[PDB]
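Peer 1: The structure under discussion is supplied below as structure tokens; questions concerning it will follow.
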Amino acid sequence: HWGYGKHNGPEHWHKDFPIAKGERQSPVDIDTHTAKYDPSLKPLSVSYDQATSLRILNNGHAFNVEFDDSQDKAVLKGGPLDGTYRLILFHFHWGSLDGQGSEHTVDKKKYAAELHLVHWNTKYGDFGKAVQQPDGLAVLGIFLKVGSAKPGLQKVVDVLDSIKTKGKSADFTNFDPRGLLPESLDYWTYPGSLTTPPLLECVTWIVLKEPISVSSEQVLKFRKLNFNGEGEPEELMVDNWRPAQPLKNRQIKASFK
Ligand SMILES: [Zn+2]
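By our numbering, the letter at position 182 of the sequence shown is numbered 172, and the numbering carries on one by one without gaps.
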């Protein structure tokens, strides 16, 4: 299977997933001086007040917190989006050290981690259909930097012991994703892909300009998870991020000047 090691990592993915070398791959480096300010971009509208989280799961590559997407409870709209995108899950990519972990980079600058809040276009009926459309997904990317503790992230950090190994899951109800949002909603946006196989080029990426701060001890907890399943040799879940891909035929627009 694919992974983040030297023998099954990002550099090998193209052999099973040819699209890895596609024309719309993510992540990319955001060059702030080449990003085009676009005054026609509308403000993002993040409506997470009726969000219903269900559980948290260690899937061997990261841990996903899943939400009930049977109805328009937690939706994202506005910005560069047409229609309404429903929140289905969020996860993080992090490093073994504080100076690496994010997937997207700003002027080559890497952050400690990167939060991905995955939403799917409701016009497509279900998540499985949406991934097969060029405008099927809308992912909000938020950079994490080490500084002070994020109160709203502690609930997540506390449950990690319970899902230490691949395959483990735990009930994770009543979690409010609004506690993970930065103050400002300014962003850069561009057409891209999923950053893990199958690497489908179905995503409109919305990367927030402002990072949130988390504590060193909080990020430390992440690093204690395992890629492996129970009973197998322990491989710490660290550096589960894909490096920047060439921009090719694309433009990154900014919502701010
Ligand atoms: Zn991701």
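Just so it is clear, CB atoms sit at the ideal spot from N, CA and C, and this is done for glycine as well.
Can you tell me whether DSSP reads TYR(-6) as helix, strand or coil?
Peer 2: As a position in the sequence shown, residue -6 is number 4, starting the count at 1. Coil, per DSSP.
Peer 1: Under the DSSP definition of a beta bridge, which residues are partnered with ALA52?
Peer 2: Indexing the sequence shown from 1 puts residue 52 at position 62. In DSSP, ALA52 forms no bridge with anything.
Peer 1: Leaving out five residues on either side along the sequence, give the residues of the same chain with a beta carbon under 7 Å from the beta carbon of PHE57.
Peer 2: Locating residue 57 in the sequence shown gives position 67, where the first residue counts as 1. Only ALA41, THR42, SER43, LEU44, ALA64, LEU77, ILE78 and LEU79 meet the Cβ criterion.
Peer 1: Which complete beta strand (DSSP E) runs does the stretch 86 to 145 hold, if anything under 3 residues is left out?
Peer 2: For the stretch 86 to 145, whole beta strand (DSSP E) runs of length 3 or above, ordered along the chain, are 103 to 111 and 127 to 136.
Peer 1: Specify the secondary structure class of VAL18 as computed by DSSP and reduced to three states.
Peer 2: As a position in the sequence shown, residue 18 is number 28, starting the count at 1. Three-state DSSP puts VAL18 in coil, outside helix and strand.
Peer 1: Relative to the C-alpha of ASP21, which residue among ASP62, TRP178 and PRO233 is closest?
Peer 2: By one-based count along the sequence shown, residue 21 stands at place 31. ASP21 has its Cα closest to that of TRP178, out of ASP62, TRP178 and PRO233.
Peer 1: Taking all protein chains shown into account, do 16 or more other C-beta atoms lie within 10 angstroms of the C-beta of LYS100, making it buried, or fewer, making it exposed?
Peer 2: On the sequence shown, residue 100 is found 110 positions in, with the first residue counted as 1. Burial call: buried.
Peer 1: If you follow the alpha helix (DSSP H) that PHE165 is in, where does it begin and where does it stop?
Peer 2: Looking up residue 165 in the sequence shown gives position 175. Neither: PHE165 is in no alpha helix (DSSP H) and is coded neither H nor E.
Peer 1: Thinking just about the alpha-carbon of each residue, which of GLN144, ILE153, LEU66 and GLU173 is nearest to the one in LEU127?
Peer 2: If you number the sequence shown from 1, residue 127 lands on position 137. Of the listed residues, the one whose Cα sits closest to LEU127 is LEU66.
Peer 1: Please list, following the chain, all residues that have a C-beta closer than 6 Å to any non-hydrogen atom of ligand 1.
Peer 2: Listed along the chain, these residues meet the criterion: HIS81, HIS83, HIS106 and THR185.
Peer 1: Take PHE53 as the anchor and find which of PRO236, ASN218, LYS247 and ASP62 has the nearest alpha-carbon.
Peer 2: For the purposes of this step, residue 53 is identified with residue 63 of the sequence shown, where counting begins at 1. Among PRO236, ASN218, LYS247 and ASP62, the Cα nearest to that of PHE53 is on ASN218.
Peer 1: Tell me, which residues are paired with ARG45 by DSSP?
Peer 2: Your numbering for residue 45 matches position 55 in the sequence shown. Beta-bridge pairing links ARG45 to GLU56 and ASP161.
Peer 1: Nearest by alpha-carbon distance to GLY115: which of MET227, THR74 and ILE202 is it?
Peer 2: Numbered from its first residue, the sequence shown carries residue 115 at position 125. It is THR74.
Peer 1: Helix, strand or coil: which one does DSSP assign to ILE9?
Peer 2: Numbered from 1 along the sequence shown, position 19 holds the residue referred to as residue 9. In this structure, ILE9 counts as helix in the three-state DSSP scheme.
Peer 1: For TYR27, does the count of other Cβ atoms within 10 angstroms reach 16, so buried, or fall short, so exposed?
Peer 2: The residue labelled residue 27 in the question sits at position 37 within the sequence shown. Exposed is the call here.
Peer 1: Helix, strand or coil: which one does DSSP assign to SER205?
Peer 2: Sequence index remark: in the sequence shown, residue 205 carries index 215 (1-based). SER205 falls in the coil class under three-state DSSP.
Peer 1: When the Cα atoms are used, what is the spatial distance from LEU190 to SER159?
Peer 2: Locating residue 190 in the sequence shown gives position 200, where the first residue counts as 1. Locating residue 159 in the sequence shown gives position 169, where the first residue counts as 1. Rounded to whole angstroms, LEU190 to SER159 spans 26 Å at the Cα level.
Peer 1: Would you please state the rounded distance, in angstroms, between the beta carbons of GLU173 and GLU200? I believe it to be under 8 Å.
Peer 2: Reading the sequence shown from its first residue, position 183 is the one you call residue 173. Reading the sequence shown from its first residue, position 210 is the one you call residue 200. Right, the Cβ-Cβ distance comes to about 6 Å (below 8 Å), so this counts as a contact.
Peer 1: Does the beta-carbon distance from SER205 to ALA139 come in below 8 Å?
Peer 2: The sequence position of residue 205 within the sequence shown is 215, counting from 1. The sequence position of residue 139 within the sequence shown is 149, counting from 1. Contact flag set, yes.
Peer 1: Does the Cβ of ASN239 have 16 or more other Cβ atoms within 10 Å, making it buried, or fewer, making it exposed?
Peer 2: Numbered from its first residue, the sequence shown carries residue 239 at position 249. Counting Cβ neighbours within 10 Å, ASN239 comes out exposed, since fewer than 16 surround it.
Peer 1: Going by DSSP, name the residue or residues bridged to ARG76.
Peer 2: Locating residue 76 in the sequence shown gives position 86, where the first residue counts as 1. According to DSSP, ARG76 bridges with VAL65 and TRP110.
Peer 1: Which same chain residues, not among the five before or five after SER86, have their C-beta less than 6 Å away from its C-beta?
Peer 2: For this step, residue 86 is matched to residue 96 along the sequence shown. Within the same chain, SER86 has close Cβ partners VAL228 and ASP229.
Peer 1: Helix, strand or coil for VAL147 per DSSP?
Peer 2: What you label residue 147 is simply residue 157 of the sequence shown in a count that begins at 1. Correct three-state label for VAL147: helix.
Peer 1: Distance check for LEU105 and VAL209, CA to CA, integer angstroms please.
Peer 2: Translated into the one-based positions of the sequence shown, residue 209 becomes position 219. Translated into the one-based positions of the sequence shown, residue 105 becomes position 115. One C-alpha to the other measures close to 12 Å.
Peer 1: Looking at the unbroken beta strand (DSSP E) that takes in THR179, where does it start and where does it end?
Peer 2: To locate residue 179, count along the sequence shown from 1; it is residue 189. Unbroken beta strand (DSSP E) run through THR179: 177 to 182.
Peer 1: I believe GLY68 touches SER35 by the beta-carbon criterion, under 8 Å. Please report the beta-carbon distance rounded to the nearest angstrom.
Peer 2: Mapped onto the sequence shown, residue 68 falls at position 78. Mapped onto the sequence shown, residue 35 falls at position 45. Contact holds; Cβ gap of about 4 Å.
Peer 1: Between the C-alpha atoms of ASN(-2) and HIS(-9), what's the straight-line distance to the nearest angstrom?
Peer 2: Counted from its first residue, the sequence shown places residue -2 at position 8. Counted from its first residue, the sequence shown places residue -9 at position 1. Taking the straight line joining both Cα atoms gives about 7 Å.
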